[PDB]
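Take a look at this single chain in structure tokens; it is the form solved without the named molecule.
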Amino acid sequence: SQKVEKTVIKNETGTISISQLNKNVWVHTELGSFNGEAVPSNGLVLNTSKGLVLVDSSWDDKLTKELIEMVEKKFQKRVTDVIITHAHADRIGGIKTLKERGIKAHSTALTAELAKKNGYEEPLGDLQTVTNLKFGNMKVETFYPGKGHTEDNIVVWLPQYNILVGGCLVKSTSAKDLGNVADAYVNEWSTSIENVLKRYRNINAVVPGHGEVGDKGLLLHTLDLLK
């Protein structure tokens, strides 16, 4: 009888929020913790018929669980697939839970090479620079403009909605710099972004590594700080 009239999906705690980009895709944002502060990591939920999908897992298995025990009933679809942009706590951080239940972490051969270097699991890694994926009525093509946020940092592209997932590689409007370039290549970063605005210019919406979806303006944003 009693119900609210909202679109997004924010749990009682308010840590995990999923905004519906349209009617077949959402943006799951898992809030972590920077030791006293909050670290909201946006994402992308694909509403397919073959199974639910989320771009980049949660910070830690502790968070991922709360994200899988909420979307599995809210979306009416069980998660069994996840796209990995690179090797980071905001990507495969919760892979431990994705490779325990039955979630295939699609990634590039390299993504499954540097992942263990940090102590993470081993994803599919059966991807490449430019490839086409199919998750049942859900087409997802990747892209490797070069080195930037990581050694295999890539950007998920969706030709079904012209949506792009710049990820950490592409800073958000609410950013002042890249921050932490130890595991990244600022020498190729500016070179990778320029490729996402020269080749994959056509974008209806871009989702950075943190914050929310926007536009191509996020691409030039990275170079505006990593310059």
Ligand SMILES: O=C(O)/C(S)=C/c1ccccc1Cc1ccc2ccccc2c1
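Start at 1 with the first residue shown and count on from there.
The protein also exists as the form deposited with the named molecule bound; that form is not presented, and the subsequent description refers to it.
J.: Decide open or blocked for this chain: the named molecule is absent here, so superimpose its site C-alphas on those in the deposited bound form and check whether 3 or more ligand atoms come within 2.4 Å of a backbone or C-beta atom.
T.: Check passed, pocket reads open.
J.: Please name which of the stretches 132 to 140, 153 to 161, 80 to 88, 98 to 106 has residues with heavy atoms lying within 4.5 Å of the named molecule in the deposited bound form.
T.: Result for this chain: 80 to 88.
J.: Do residue 180 and the named molecule come within 4.5 Å of each other in the deposited bound form, heavy atoms counted?
T.: Yes, residue 180 lies within 4.5 Å of the named molecule in the deposited bound form.
J.: Would residue 54 count as a contact of the named molecule in the deposited bound form, using a 4.5 angstroms cut-off between non-hydrogen atoms?
T.: Contact with the named molecule, no.
J.: Determine whether any heavy atom of residue 39 comes within 4.5 Å of a heavy atom of the named molecule in the deposited bound form, and answer yes or no.
T.: Contact check for residue 39: yes, within 4.5 Å of the named molecule in the deposited bound form.
J.: Closest heavy atom of residue 168 to the named molecule in the deposited bound form, within 4.5 Å or not?
T.: Within the cut-off, so yes.
J.: Can you list, in sequence order, the residues from 202 to 225 that come within 4.5 Å of the named molecule in the deposited bound form, counting heavy atoms only?
T.: The stretch 202 to 225, when checked against the named molecule in the deposited bound form, contributes only 210 at the 4.5 Å heavy-atom cut-off.
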